[PDB]
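Chains as they are written, first to last, in the UniProt record's numbering: chain A, 189 to 526, 532 to 747; chain B, 2 to 32, 44 to 127, 133 to 146, 149 to 229, 236 to 331, 339 to 373, 375 to 401, 412 to 422, 432 to 473, 484 to 558, 565 to 675, 687 to 699, 707 to 740.
Structure below.
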């Protein structure tokens with residue numbers, strides 16, 4: 189039952205693939221090809237530059253110098269070797285392109301586009317030594333641009349916005365900072381996706397200190413926050429969590445980390461999370477430290493997350509003349525970039546939903562991380578998690594459901610997961626809770642519990658008609674997508690085999706009933722019951738509980 | 002058919018056996045004790061090839077598993093006391109069920125979502146931190164191929180296995196749990212993205228190194250991994266999430282066409298597949314995603330040489353992409369055609386009742412609304437009054453759907469006619495978009511009214527106010543017309565009407581179905597905000613007398629939360645005295661309610688004290711303790727207290 193050999197492929201060599209792919213890449217949004225963008229680059233105010241058989245003349249073709257180095261080192265190196273060689277050369281490049289008085293940095297970001305395409309290309313057996321070389325080099329690159337993410341809390345009465353009005357060097361350094369943090373992202377996640385063996389060899393307290401510099405710079409509590417860097421930094425925190433949940437004895441890396449730094453991270457996570465979601469002006473500026481407003485100043489995808497309008501893409505192309513070797517970027521209006534259809538706003542409502550998914554998701558993850566307690570282990574997790582539960586319960590019911598916009602589905606799946614969070618709390622972590630905390634908020638926890646304890650009527654459905662009516666009232670947008678999906682985009686959405694038309698009807702029944710704020714899962718209500726109706730703390734003795742029992746019926 | 006009565010009694014009596022009470026999970030290992049044998053048997057009565065040619069009865073068989081395990085969540089991780097769970101020893105059992113569901117993709121999706134179940138599957142599993152073991156075996160057989168020394172039937176079975184594993188790692192989240200390590204992160208971009216992208220490189224190379238209908242299904246999945254993994258989150262122009270995956274599938278389709286086999290006749294698939302694929306692609310900016318990874322220059326073969341009449345429509349849409357003005361006016365009812373000397378077929382060249390849909394829809398897009416949606420689903433001023441008269445007719449005789457088929461329309465069109473202060487327009491800003499602070503500081507009082515200036519309300523009283531439905535009918539339709547009135551009055555200061569509001573709120577209390585409960589409360593602020601008659605005067609207090617006069621804690625929160633929200637939302641020293649009464653309601657009274665009053669005090673802080692403190696002191707911890715985190719600051723405000731009270735009271739005693 190053998191299967192014969194199949195070696196007669198005309199195999200494209202991995203090195204050749206890498207080469208051609210870089211050689212003709214065009215990025216998501218612009219108009220022009222990577223290497224040739226490069227071919228429109230001259231590094232002028234540094235009249236000579238040279239590191240390792242890598243001469244460039246004064247007015248020389250940067251881009252051709254690239255393709256030169258590329259091809260020559262081609263018949264030198266293998267795949268990984270070609271990576272690390274580029275990485276070192278481009279690193280020296282970027283470093284000096286950085287440290288220079290009159291130098292403009294046009295090339296830097298585009299080379300950072302390199303950085304991505306490159307390092308992403310094949311992270312299979314790449315070694316952390318090279319990774320960290322690039323990595324540290326860019327973190328301290330960032331501290332060479334640490335003059336960004338700590339710009340003040342607001343425009344002062346004197347601070348003007350009269351301007352050269354350039355979006356140029358703004359977008360320049362924005363791409364720089366972002367792309368750079370985005371490096372941090374990508375290479376650090378190639379770390380996390382490397383074999384577990386090659387891990388602690390990279391982690392020193394230098395990671396803590398350098399990333400501590402940048403984090404403090406980033407998730408400001410005394411400046412403007414900046415949603416993209418907010419993203420990046422916090423997922424690096426997530427990277428810490430990742431190495432925790434992955435290293436079997438993660439106690440190694442934990443002991444590496446410092447208590448003050450866990451604090452200066454989780455506290456700023458609190459600062460992040462007790463902000464709010466208001467699609468009302470997600471696209472303007474309002475109360476700060478409270479709104480993740482991704483303004484056009486920095487609104488595109490980011491080197492991974494295809495977030496939306498990506499409205500900067502072609503403006504990436506508009507940066508070079510795409511006809512002449514050049515050093516300083518081509519002009520763009522700071523304002524032409526960016532009432533037609535707020536459906537983009539609602540794409541983003543789904544995304545910032547994925548963000549608060551991240552918020553609760555990392556908090557869950559650290560929850561499971563600390564099976565044993567710690568110093569930042571303090572219970573304010575119980576407080577604030579339950580607090581968020583309360584607020585997205587009450588304001589949920591009074592505002593967001595019924596507004597015929599599919600944000601509510603994920604807006605509720607959020608707290609449906611926070612249910613698991615709290616139920617994790619009930620099972621595991623009830624050997625620390627402070628009387629201090631329980632009686633600082635006897636209020637909100639009982640609110641949370643009774644939110645489903647009043648839901649546990651379990652007395653709605655009884656037919657199709659009323660709930661399908663609810664649906665026709667609210668589920669308009671959700672059905673727009675339901676019918677786009679059933680009519681456009683699915684194998685399963687044709688030829689129901691007669692055992693799933695009922696699945697259609699009752700699943701839509703359950704989803705609409707679960708849409709209108711009421712009758713959540715039997716699992717939900719009983720798991721919450723195992724917490725309150727169990728008397729493990731004196732929340733609920735009968736003498737002060739039957740007033741709620743009667744307030745439910747009972 | 003055979004054990005049909007047995008299954009009927011089973012499902013009926015076990016649905017009866019929801020729990021000892023309505024409290025139904027049974028979170029713990031339950032202390044009957046007869047579900048071990050039936051646990052084994054529900055899957056032990058199905059492995060029989062004489063009962064494996066029918067969809068529905070096996071679907072009921074697997075829904076039996078759904079019920080058994082769903083309502084014994086103490087089954088999966090039950091500590092099979094070697095070291096393991098029973099989700100682990102259902103892994104191999106459900107693999108046979110997923111071999112049946114390999115073909116039935118619909119059933120596979122359902123099974124994945126169905127199977133504390135998934136939470137617990139990786140709750141103590143992540144605490145124990149089987150996956151290391153399975154990944155070792157995977158790498159093993161994976162590398163065992165590539166060179167070609169595998170079985171024939173483990174070949175087949177596990178080739179389907181590779182495809183199904185790819186489908187698993189490629190599906191959306193909200194089904195799978197976060198239980199596994201490698202799904203943790205969010206923003207739609209979590210960890211195994213790239214460990215699975217490394218797995219993708221691996222599968223690409225190995226299967227390039229790799236029965237007609239087999240290749241059919243193969244390219245079906247080649248589409249599928251990027252075809253059924255969308256985040257959508259939009260209107261009719263939805264979102265496909267990973268471009269790398271997109272172009273990778275494009276190039277493997279290229280390699281398949283290069284081989285030129287897996288061509289099977291009767292066209293169950295070819296046409297449909299290719300059509301759907303390029304349709305999806307078109308408008309979407311990833312033209313450049315397509316450009317490289319797949320031109321069909323060879324098998325395009327549109328010289329009458331070369339199922340074979342379906343890649344022609346993708347060639348037609350590529351000519352539409354060419355686009356320069358040579359194209360002309362719509363004649364054959366097809367697209368605005370172009371100079372042909375050509376034009377291949379009609380919008381359904383091959384029309385097995387679904388290919389027609391896909392193509393004709395896509396090609397229709399070549400043309401260079413929510414409000415329109417339901418209108419066409421049941422295919432202005434004239435529309436207004438024609439609606440009025442036709443609804444007179446519809447409530448003439450016991451309609452229940454096309455009758456109520458007008459309420460939401462009424463509302464949203466009130467929104468549009470307010471806006472006119484219908485062309486391309488749907489859900490609207492104040493009507494339907496939240497903001498930072500108070501929704502009800504957001505609303506505008508001195509806006510128009512309903513009486514006749516809104517013929518919407520004119521028809522509203524015409525057919526929905528003086529009706530026997532308000533008396534004793536339309537359990538929920540009479541509610542839907544009130545969500546209409548919701549948005550209506552939202553856009554319109556109403557008159558007092566409140567006769568509906570009052571008995572409506574008391575209804576909302578009892579409610580029977582807990583749907584009406586806070587619904588009235590949602591209603592109230594509309595009445596509360598007001599102008600043009602008792603804007604901010606007694607009107608609210610008038611409601612208040614009503615409300616406070618209601619005292620029952622039966623459906624307590626209806627009585628109480630709204631009681632708050634009104635006064636809450638109201639303006640200054642008025643609501644100040646109101647919150648004085650509210651902190652009275654929290655003062656020392658109905659521990660069920662004083663506490664919750666504090667809860668929603670925190671709530672309003674989310675979205687009086689000195690006066691009361693001094694008062695109660697003169698008269699004679708929780709509140710201040712919760713407020714300031716410690717009561718000792720009372721020194722700060724003790725000024726007007728110690729001086730004016732605490733001594734003159736009972737000159738010698740106190």
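Even for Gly, the Cβ is constructed at its ideal location relative to N, Cα and C.
- With the criterion set as a beta carbon lying under 8 angstroms from some beta carbon of chain B, the members of the segment 423 to 453 of chain A are 423, 426, 429, 430, 433, 434, 436, in sequence order.
- The C-alpha of residue 587 of chain A is placed about 10 angstroms away from the C-alpha of residue 674 of chain B.
- In terms of Cα proximity to residue 710 of chain A, the closest of A/537, A/601, A/198 is A/601.
- Scanning its chain for C-beta atoms nearer than 8 angstroms, with the 5 sequence neighbours on each side dropped, one finds around residue 179 of chain B the residues 111, 114, in chain order.
- Runs of the alpha helix (DSSP H) lying entirely within the segment 495 to 554 of chain B, each at least 4 residues long, are 501 to 504, 517 to 526, 530 to 534, 539 to 552 in chain order.
- As computed with DSSP, residue 710 of chain A is found in no beta bridge at all.
- Closest option to residue 327 of chain A, judged by alpha-carbon separation, among A/572, A/368, A/498, A/706: A/368.
- Bounds of the alpha helix (DSSP H) holding residue 47 of chain B are 47 to 56.
- Contacts between residue 586 of chain B and chain A, judged by CB atoms closer than 9 angstroms, involve 590, 591, 710 in chain order.
- Flagged as an interface residue toward chain A: residue 261 of chain B, by a C-beta distance shorter than 8 angstroms.
- Among the residues facing chain A, residue 456 of chain B is included, as its CB has a counterpart in that chain under 8 angstroms away.
- Around the beta carbon of residue 714 of chain B, fewer than 16 other beta carbons sit within 10 angstroms, so the residue counts as exposed.
- In this structure, residue 670 of chain B places its C-beta atom within 8 angstroms of the C-beta atom of residue 636 of chain A.
- Under the 8 angstroms criterion on CB atoms, residue 526 of chain B is classed as non-interfacial with respect to chain A.
- The C-alpha of residue 295 of chain B lies about 33 angstroms from the C-alpha of residue 127 of chain B.
- Fully enclosed alpha helix (DSSP H) runs of no fewer than 4 residues occupy 393 to 406, 415 to 434, 439 to 444 of the segment 386 to 456 of chain A, in order along the chain.
- A direct Cα-Cα distance of roughly 11 angstroms separates residue 32 of chain B from residue 86 of chain B.
- From the listed residues A/629, A/594, A/580, the smallest Cα separation to residue 614 of chain A is found for A/580.
- Taking C-beta separations shorter than 7 angstroms and ignoring five residues to either side along the sequence, the partners of residue 653 of chain A in its chain run 706, 711, 712, following chain order.
- One thing to note: residue 651 of chain A has its Cβ no nearer than 8 angstroms to the Cβ of residue 538 of chain B.
- Contact annotation, residue 500 of chain A with residue 228 of chain A: C-beta distance approximately 19 angstroms; criterion of less than 8 angstroms not satisfied.
- In the three-state scheme derived from DSSP, where H, G and I count as helix and E and B as strand, residue 323 of chain A is classed as helix.
- For residue 440 of chain B, there are no C-beta contacts with chain A under 7 angstroms, since the nearest C-beta of that chain is about 20 angstroms from it.
- For residue 714 of chain B, the enclosing alpha helix (DSSP H) begins and ends at 708 to 714.
- Its chain contains 286 as the residues whose beta carbon lies nearer than 6 angstroms to that of residue 332 of chain A, once the 5 sequence neighbours on both sides are disregarded; these appear in chain order.
- Residue 412 of chain A and residue 360 of chain A have their C-alpha atoms roughly 18 angstroms apart.
- Distances from the alpha-carbon of residue 735 of chain B to those of B/722, B/711, B/698 put B/698 closest.
- In this structure, residue 398 of chain A lies away from residue 486 of chain A, with their beta-carbon atoms at least 8 angstroms apart.
- At least one CB atom of chain A sits nearer than 8 angstroms to the CB of residue 539 of chain B.
- In this structure, A/693 is the residue among A/693, A/746, A/741 with its C-alpha nearest to the C-alpha of residue 120 of chain B.
- Not a single CB atom of chain B sits nearer than 8 angstroms to the CB of residue 461 of chain A.
- Contact holds between the segment 211 to 226 of chain B and the segment 260 to 279 of chain B, because three or more Cβ pairs, one in each stretch, are under 8 angstroms apart.
- Residue contact with chain A for residue 518 of chain B: absent (no Cβ-Cβ distance below 8 angstroms to any residue of chain A).
- Excluding five sequence positions before and after residue 720 of chain B, none of the CB atoms of its chain fall closer than 6 angstroms to its own CB.
- Annotation: the continuous alpha helix (DSSP H) that includes residue 663 of chain A extends over 658 to 667.
- Only 193, 197, 200, 203, 204, 205, 206, 207, 208, 210, 213, 214, 217 from the segment 186 to 217 of chain B bring a Cβ to less than 7 angstroms from some Cβ of chain A.
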